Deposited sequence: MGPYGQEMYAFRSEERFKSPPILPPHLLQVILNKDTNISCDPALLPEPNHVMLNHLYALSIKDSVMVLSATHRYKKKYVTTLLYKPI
């Protein structure tokens, strides 16, 4: 009975996948896009305040909730 051998892919997951399923890194919104739903967005932190944000579906209605939260 001979020793058996192992071929490991290894570099299948050499590095994290490249970004865009066309998911937008940055969204500018100064005073839709279809599936950035349920994903977390944030503003730059100012004076110890976090602003988190996402868009969710209820039936056919979409709300973008923004939370203002201290740290």
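Trainee: Which regions of the deposited sequence are unaccounted for in the modelled residues, listed N- to C-terminal?
Mentor: Missing CA coords at 1-4, 36-47.
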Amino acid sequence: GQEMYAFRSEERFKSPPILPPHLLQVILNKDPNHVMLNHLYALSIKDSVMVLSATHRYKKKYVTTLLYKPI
From here on, numbers count along this sequence of modelled residues.
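The term rigid core refers to the maximal set of C-alpha atoms that superpose within 1.5 Å between the two forms.
Trainee: Please indicate which stretch deviates more in 5 other deposited structures of this protein: 55-63 or 19-27, judged by C-alpha RMS distance after a core superposition?
Mentor: Between 55-63 and 19-27, the one lying farther away in 5 other deposited structures of this protein is 19-27.
Trainee: Is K46 one of the residues left unmodelled in a third or more of the other entries compared?
Mentor: That residue is present in all of the other compared entries.
Trainee: Comparing 16-24 with 46-54, which has the greater mean CA B-factor as deposited?
Mentor: Stretch with the greater average CA B-factor: 16-24.
Trainee: What stretch has the higher average Cα B-factor here, 7-15 or 58-66?
Mentor: That would be 7-15.
Trainee: Hey, what third does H39 fall into on Cα B-factor, ranked over its chain?
Mentor: Lowest third.
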